[PDB]
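A short write-up of the structure that comes next.
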Amino acid sequence: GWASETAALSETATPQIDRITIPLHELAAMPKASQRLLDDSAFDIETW
Amino acid sequence: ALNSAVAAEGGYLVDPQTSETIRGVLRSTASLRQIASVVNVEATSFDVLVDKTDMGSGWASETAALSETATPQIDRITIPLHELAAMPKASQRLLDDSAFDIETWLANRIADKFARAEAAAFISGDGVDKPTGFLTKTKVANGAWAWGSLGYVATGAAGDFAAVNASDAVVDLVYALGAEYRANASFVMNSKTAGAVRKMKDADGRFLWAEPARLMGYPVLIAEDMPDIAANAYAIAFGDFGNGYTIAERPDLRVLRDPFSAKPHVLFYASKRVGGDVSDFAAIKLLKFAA
Amino acid sequence: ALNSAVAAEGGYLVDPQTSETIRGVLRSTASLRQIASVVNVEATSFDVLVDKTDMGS
């Protein structure tokens, strides 16, 4: 603030630091493919 | 564009020209420093060494077996060299926007106050944290004069000078001082004592005493810190302060500006340190008004 | 030597600056001279000779 010609000029204020956390979770998927329908199938399911 | 008197019709184009230097009341400077013994000393104290006595001469015979003669005993006097400090507070917004030189004026106005505050200590100051003036030196009647004391001559009447033979207490004070100290000696009075001296007039109304304002031919230092003519006061002193009084000082003024204590101000802290008391007690006589 | 706020203190010796040149409100300079015909005439008056009509054929 404007100090003015005469004043004590006390301590004003300081930005209060706040911390935001990005917990970094994981994204998972487990397609359960049978073994039969994996080698007797003409389509490559393991790459599909 | 018209007359410079009325404001709107061209009166705003004037700008009063201010002073060159910021003047001030010209206060007393007769400080006894210019007549006493000022010695630069960068220490905690000054220790003078005097010879309170003298030797003995023989006038030896042709066959006399010369004996040992006297030898002057020696006195040491310690000038404590106290300090004098003043701390004026000037705003920082002022110092910036103040076309004069406020710092140089503050140091020049302080050095005027110090040269004036130490003039009181050299005359009537006591011993605590300040030089002892020659008035606090156990004044003893003259004739019964010892070394550790200042002599004085009495006037007669208590309130003022003698009732009948006035102006004899002044002349015998002169000739009670020693022909070698009177060579360069001077009275010390205040403004209202030197006035009461000039008002002294003979039996016909004419002044009996005939810019430096000397008295009986000897100079007069018009102090402002000696006592005036009271019931039992020492209003007039006279002596060779060139040898009687010694001043010890550091010939500078240490100013420490402090922008930190008072934050929007600067708070100049200046302090020179000076001390001094009488070193030759035989060289200062006094005029007590008691009896 | 105190603050420059009250008069009988540092407040007397401040002396504001004064805007080295005196300015004024700005007025338009378009004067019809940059379209009209300006003729330097050192006389009591100027005449012009025109042809209010034309010839015949």
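Lettering and numbering for the structure tokens are positional, with chains as A, B, ... in the shown order, residues counted from 1 in each chain, and ligands counted from 1 in the shown order.
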
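Residue-level contact on chain A: within 12 Å of chain C, counting only C-alpha atoms, the set is residues 4, 5, 6 and 7 of chain A.
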
Could you turn the residues from that selection into a file that holds N, CA, C and O atoms, as an mmCIF file, in the first residue's frame?
data_model
loop_
_atom_site.group_PDB
_atom_site.id
_atom_site.type_symbol
_atom_site.label_atom_id
_atom_site.label_comp_id
_atom_site.auth_asym_id
_atom_site.auth_seq_id
_atom_site.Cartn_x
_atom_site.Cartn_y
_atom_site.Cartn_z
ATOM 1 N N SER A 4 2.609 6.621 2.781
ATOM 2 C CA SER A 4 2.204 7.926 3.375
ATOM 3 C C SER A 4 3.450 8.628 3.924
ATOM 4 O O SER A 4 4.480 7.947 4.100
ATOM 5 N N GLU A 5 3.378 9.941 4.161
ATOM 6 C CA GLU A 5 4.597 10.677 4.593
ATOM 7 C C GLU A 5 5.050 10.143 5.954
ATOM 8 O O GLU A 5 6.253 9.855 6.101
ATOM 9 N N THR A 6 4.113 9.957 6.886
ATOM 10 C CA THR A 6 4.488 9.518 8.256
ATOM 11 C C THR A 6 3.708 8.258 8.638
ATOM 12 O O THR A 6 2.466 8.291 8.536
ATOM 13 N N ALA A 7 4.407 7.217 9.098
ATOM 14 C CA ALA A 7 3.750 5.962 9.535
ATOM 15 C C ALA A 7 4.816 5.033 10.127
ATOM 16 O O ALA A 7 6.014 5.294 9.902
#

Write out, as JSON lines, each residue of chain C that has an atom at most 10 Å from chain B, together with the closest pair of atoms and their distance in Å to one decimal, counting only C-alpha atoms, rows going by chain and rising number.
{"residue": "C:1", "atom": "CA", "partner": "B:90", "partner_atom": "CA", "distance": 5.2}
{"residue": "C:2", "atom": "CA", "partner": "B:90", "partner_atom": "CA", "distance": 4.6}
{"residue": "C:3", "atom": "CA", "partner": "B:91", "partner_atom": "CA", "distance": 4.9}
{"residue": "C:4", "atom": "CA", "partner": "B:94", "partner_atom": "CA", "distance": 5.3}
{"residue": "C:5", "atom": "CA", "partner": "B:94", "partner_atom": "CA", "distance": 8.8}
{"residue": "C:9", "atom": "CA", "partner": "B:90", "partner_atom": "CA", "distance": 9.9}
{"residue": "C:10", "atom": "CA", "partner": "B:94", "partner_atom": "CA", "distance": 6.6}
{"residue": "C:11", "atom": "CA", "partner": "B:94", "partner_atom": "CA", "distance": 7.8}
{"residue": "C:12", "atom": "CA", "partner": "B:98", "partner_atom": "CA", "distance": 9.0}
{"residue": "C:13", "atom": "CA", "partner": "B:98", "partner_atom": "CA", "distance": 5.7}
{"residue": "C:14", "atom": "CA", "partner": "B:98", "partner_atom": "CA", "distance": 4.6}
{"residue": "C:15", "atom": "CA", "partner": "B:98", "partner_atom": "CA", "distance": 7.4}
{"residue": "C:16", "atom": "CA", "partner": "B:97", "partner_atom": "CA", "distance": 8.4}
{"residue": "C:17", "atom": "CA", "partner": "B:15", "partner_atom": "CA", "distance": 9.8}
{"residue": "C:18", "atom": "CA", "partner": "B:15", "partner_atom": "CA", "distance": 8.5}
{"residue": "C:22", "atom": "CA", "partner": "B:13", "partner_atom": "CA", "distance": 9.1}

Take the residues just selected and output them with N, CA, C and O atoms as a PDB file, in the first residue's frame.
ATOM      1  N   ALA C   1      14.015  19.048  10.310  1.00  0.00           N
ATOM      2  CA  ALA C   1      14.595  18.030   9.452  1.00  0.00           C
ATOM      3  C   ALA C   1      13.717  16.802   9.431  1.00  0.00           C
ATOM      4  O   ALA C   1      14.046  15.813   8.797  1.00  0.00           O
ATOM      5  N   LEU C   2      12.583  16.877  10.109  1.00  0.00           N
ATOM      6  CA  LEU C   2      11.653  15.763  10.172  1.00  0.00           C
ATOM      7  C   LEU C   2      10.918  15.648   8.839  1.00  0.00           C
ATOM      8  O   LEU C   2      11.328  16.208   7.820  1.00  0.00           O
ATOM      9  N   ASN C   3       9.825  14.893   8.835  1.00  0.00           N
ATOM     10  CA  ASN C   3       9.053  14.595   7.637  1.00  0.00           C
ATOM     11  C   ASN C   3       8.669  15.834   6.850  1.00  0.00           C
ATOM     12  O   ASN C   3       8.599  16.932   7.403  1.00  0.00           O
ATOM     13  N   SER C   4       8.419  15.660   5.558  1.00  0.00           N
ATOM     14  CA  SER C   4       7.967  16.747   4.694  1.00  0.00           C
ATOM     15  C   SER C   4       6.446  16.809   4.622  1.00  0.00           C
ATOM     16  O   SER C   4       5.861  16.903   3.548  1.00  0.00           O
ATOM     17  N   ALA C   5       5.796  16.767   5.771  1.00  0.00           N
ATOM     18  CA  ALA C   5       4.343  16.783   5.833  1.00  0.00           C
ATOM     19  C   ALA C   5       3.795  17.986   6.569  1.00  0.00           C
ATOM     20  O   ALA C   5       2.884  18.648   6.068  1.00  0.00           O
ATOM     21  N   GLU C   9       8.508  22.052   9.680  1.00  0.00           N
ATOM     22  CA  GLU C   9       9.475  20.972   9.705  1.00  0.00           C
ATOM     23  C   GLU C   9      10.006  20.870   8.284  1.00  0.00           C
ATOM     24  O   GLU C   9       9.940  21.841   7.523  1.00  0.00           O
ATOM     25  N   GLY C  10      10.539  19.718   7.916  1.00  0.00           N
ATOM     26  CA  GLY C  10      11.032  19.564   6.563  1.00  0.00           C
ATOM     27  C   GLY C  10      10.044  19.940   5.475  1.00  0.00           C
ATOM     28  O   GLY C  10      10.425  20.071   4.311  1.00  0.00           O
ATOM     29  N   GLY C  11       8.780  20.143   5.835  1.00  0.00           N
ATOM     30  CA  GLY C  11       7.760  20.419   4.843  1.00  0.00           C
ATOM     31  C   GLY C  11       7.886  21.756   4.145  1.00  0.00           C
ATOM     32  O   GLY C  11       7.146  22.000   3.188  1.00  0.00           O
ATOM     33  N   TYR C  12       8.790  22.623   4.596  1.00  0.00           N
ATOM     34  CA  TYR C  12       8.954  23.934   3.981  1.00  0.00           C
ATOM     35  C   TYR C  12       9.903  23.939   2.801  1.00  0.00           C
ATOM     36  O   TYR C  12       9.838  24.854   1.979  1.00  0.00           O
ATOM     37  N   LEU C  13      10.778  22.956   2.693  1.00  0.00           N
ATOM     38  CA  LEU C  13      11.918  23.020   1.792  1.00  0.00           C
ATOM     39  C   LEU C  13      11.858  21.969   0.688  1.00  0.00           C
ATOM     40  O   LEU C  13      12.839  21.285   0.405  1.00  0.00           O
ATOM     41  N   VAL C  14      10.707  21.852   0.031  1.00  0.00           N
ATOM     42  CA  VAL C  14      10.472  20.789  -0.934  1.00  0.00           C
ATOM     43  C   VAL C  14      10.409  21.305  -2.371  1.00  0.00           C
ATOM     44  O   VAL C  14      11.007  20.705  -3.262  1.00  0.00           O
ATOM     45  N   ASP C  15       9.697  22.412  -2.633  1.00  0.00           N
ATOM     46  CA  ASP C  15       9.779  23.099  -3.927  1.00  0.00           C
ATOM     47  C   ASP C  15       9.490  22.237  -5.156  1.00  0.00           C
ATOM     48  O   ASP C  15      10.426  21.747  -5.796  1.00  0.00           O
ATOM     49  N   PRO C  16       8.222  22.004  -5.496  1.00  0.00           N
ATOM     50  CA  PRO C  16       7.898  21.141  -6.640  1.00  0.00           C
ATOM     51  C   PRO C  16       8.511  21.614  -7.952  1.00  0.00           C
ATOM     52  O   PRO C  16       8.811  22.793  -8.141  1.00  0.00           O
ATOM     53  N   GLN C  17       8.687  20.661  -8.871  1.00  0.00           N
ATOM     54  CA  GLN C  17       9.095  20.957 -10.236  1.00  0.00           C
ATOM     55  C   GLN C  17       7.958  21.652 -10.978  1.00  0.00           C
ATOM     56  O   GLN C  17       6.816  21.674 -10.523  1.00  0.00           O
ATOM     57  N   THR C  18       8.269  22.223 -12.145  1.00  0.00           N
ATOM     58  CA  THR C  18       7.300  23.134 -12.743  1.00  0.00           C
ATOM     59  C   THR C  18       7.185  23.024 -14.261  1.00  0.00           C
ATOM     60  O   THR C  18       6.979  24.041 -14.929  1.00  0.00           O
ATOM     61  N   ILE C  22       5.140  25.753 -20.719  1.00  0.00           N
ATOM     62  CA  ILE C  22       3.723  25.917 -20.425  1.00  0.00           C
ATOM     63  C   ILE C  22       2.911  25.447 -21.618  1.00  0.00           C
ATOM     64  O   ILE C  22       3.031  25.987 -22.722  1.00  0.00           O
TER      65      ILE C  22
END

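Minimum atom-to-atom distances from B:153, B:84, B:262, B:179 to chain A were compared using only C-alpha atoms, and the lowest value belongs to B:262.
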
_Taking only chain A into account, list the residues labelled helix (DSSP H, G or I) by DSSP (computed from the backbone), as a list in words._
residues 36, 37, 38 and 39 of chain A

List as a PDB file with N, CA and C atoms, in the first residue's frame the protein and nucleic acid residues near residue B:161, meaning an atom at most 9 Å away when only C-alpha atoms are counted, but skip any in the same chain fewer than 6 places from it.
ATOM      1  N   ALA B 154      37.190  37.190  47.496  1.00  0.00           N
ATOM      2  CA  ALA B 154      35.839  37.571  47.859  1.00  0.00           C
ATOM      3  C   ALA B 154      35.619  39.043  47.560  1.00  0.00           C
ATOM      4  N   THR B 155      34.352  39.414  47.413  1.00  0.00           N
ATOM      5  CA  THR B 155      33.997  40.777  47.049  1.00  0.00           C
ATOM      6  C   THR B 155      33.582  41.629  48.231  1.00  0.00           C
ATOM      7  N   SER B 167      34.897  47.484  42.736  1.00  0.00           N
ATOM      8  CA  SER B 167      35.934  47.438  41.714  1.00  0.00           C
ATOM      9  C   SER B 167      37.327  47.278  42.297  1.00  0.00           C
ATOM     10  N   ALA B 169      37.644  44.310  44.253  1.00  0.00           N
ATOM     11  CA  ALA B 169      37.595  42.869  44.104  1.00  0.00           C
ATOM     12  C   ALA B 169      37.932  42.438  42.690  1.00  0.00           C
ATOM     13  N   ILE B 229      25.352  36.721  39.123  1.00  0.00           N
ATOM     14  CA  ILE B 229      25.721  37.213  40.441  1.00  0.00           C
ATOM     15  C   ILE B 229      24.620  36.897  41.442  1.00  0.00           C
ATOM     16  N   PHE B 289      31.204  35.901  45.516  1.00  0.00           N
ATOM     17  CA  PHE B 289      30.481  37.074  45.976  1.00  0.00           C
ATOM     18  C   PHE B 289      29.982  36.945  47.407  1.00  0.00           C
TER      19      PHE B 289
END

*If we count only C-alpha atoms, what is near residue B:231 at a cut-off of 12 Å, once residues fewer than 3 positions away on the same chain are taken out, given as a PyMOL selection string?*
chain B and resi 154-161+227-228+234-235+288-291

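Considering only C-alpha atoms, the residue among A:10, A:35, A:47, A:2 positioned nearest to chain B is A:10.
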
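Coordinates place atom CA of residue A:13 at a distance of 20.9 Å from atom CA of residue B:259.
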